[PDB]
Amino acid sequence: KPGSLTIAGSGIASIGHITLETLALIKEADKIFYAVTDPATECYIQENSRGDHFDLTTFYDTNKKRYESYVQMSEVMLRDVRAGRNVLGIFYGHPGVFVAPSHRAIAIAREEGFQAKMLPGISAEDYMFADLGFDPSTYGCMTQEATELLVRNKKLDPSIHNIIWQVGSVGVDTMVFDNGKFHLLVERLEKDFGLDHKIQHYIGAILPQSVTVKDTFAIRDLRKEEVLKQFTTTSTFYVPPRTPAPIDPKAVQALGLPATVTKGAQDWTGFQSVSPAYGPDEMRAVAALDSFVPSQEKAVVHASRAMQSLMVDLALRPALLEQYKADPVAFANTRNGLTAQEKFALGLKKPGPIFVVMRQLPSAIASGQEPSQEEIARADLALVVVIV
């Protein structure tokens, strides 16, 4: 059935945050509908495109319900899908994070029997973790829209990370943003954290000329006229925990961990107790570094030019991927530079075989010993945090 919908993101920073798969799609799509934040990104999308594009932000108006705009945004995309075009929608950031028309359009398209897919993009929260230098895993991390939090009369949990989005549009359902209802959010913060607790006002840099906003304010300061001025439709708040929960010695014991575990994963922001970088355990790990030899030989990458070229192709060329998926043995036959082993692996169209052929022990490489057909066919994640 002709016609498809792909919805992707542009990320937050101008141009730089765009993913490789997304740039590829921009170049090939029949038509692009976009809602982005800065003119350099907008121009970049247009100029890389096939030249058939539409600015979704043209459906906004000062006193018009945003919900009405969103329905219309979804609809113009669906019309072109119905017309049998390959439609790309692009929203700034991640197209599925605090975005109504994307999920709406995908669901309707699928219901009408078209293929539809969302691609992830770089969100404002992703930008925040990088710029503010915290990890959501350290205490756990709650994401909420400011108006959503208030309309459902939710409380904020002061023991975890909190991120509050759209703080500049509390209670606003049109396009007039005057901060008239901001005080309601301040009242919530006061109740949950008190007046002395500090929050972080975050605006990630959109242009090269932008500088990151990461100002700290005590909750009591959020009433000052000069502070209030700074909160825009772009503003996000980070609220660090006031009262991180203590380790439960009973749970530690039940998990089979050492009782001498006094610590969780380190937070480096300076909002909590800042433990020295090179304590005894760190000193010991550093001292052991040069000497460390793994218990078993580790594999290294070992792939033909043909294998690597194909694997890049499948990542970046959706037309080639569709053909490979339809008929992998036929597809792999196309690429005669492939070793026997690689051709066999690709035919199976399974992930495990790929790892066996593209990664080999140095010992086996030196010997010239290749993986057996059996080793290939039978086959099948680095954890980079420990809360303990």
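The first residue of the sequence shown is number 1, and the count goes up from there.
Asker: I'd like the number of residues from the deposited sequence that lie between residue 374 and residue 375 yet are not in the model, binned as none, 1 to 3, 4 to 9, or 10 or more.
Answerer: Per the deposited record, the segment joining residue 374 and residue 375 has no missing residues.
Asker: Looking only at CA atoms, which has the higher mean B factor in the entry: 150-158 or 253-261?
Answerer: So the stretch with the higher mean C-alpha B-factor is 253-261.
Asker: Using only the Cα atoms and their B-factors as the entry lists them, report which of 136-144 and 227-235 averages higher.
Answerer: The stretch with the larger mean CA B-factor is 227-235.
Asker: Just the C-alpha B-factor column, please: which of 209, 272, 212, 200 has the biggest number?
Answerer: The record points to 272.
Asker: Could you say which of 40, 35, 32, 348 has its CA atom at the highest B factor, as listed in the PDB entry?
Answerer: Reading the PDB entry, the winner on C-alpha B-factor is 348.
Asker: Could you say whether, by C-alpha temperature factor, residue 310 belongs to the lowest, middle or highest third of its chain?
Answerer: Its C-alpha B-factor belongs to the middle third of this chain's values.
Asker: Please place residue 327 in the lowest, middle or highest third of its chain by C-alpha B factor as given in the entry.
Answerer: Its C-alpha B-factor, which the entry lists for residue 327, ranks in the highest third among residues of this chain.
Asker: Can you tell me which third, lowest, middle or highest, the CA B-factor of residue 282 falls into for its chain?
Answerer: It belongs to the middle third of the chain when residues are ordered by C-alpha B-factor.
Asker: Quick check on the deposited entry: does the C-alpha B-factor of residue 188 sit in the lowest, middle or highest third of its chain?
Answerer: For residue 188, whose C-alpha B-factor we compare with every modelled residue in the chain, the answer is the middle third.
Asker: Consider only the C-alpha atoms of the modelled residues in this chain, order them by B-factor as the entry records it, and name the third containing residue 383: lowest, middle or highest.
Answerer: For residue 383, whose C-alpha B-factor we compare with every modelled residue in the chain, the answer is the middle third.
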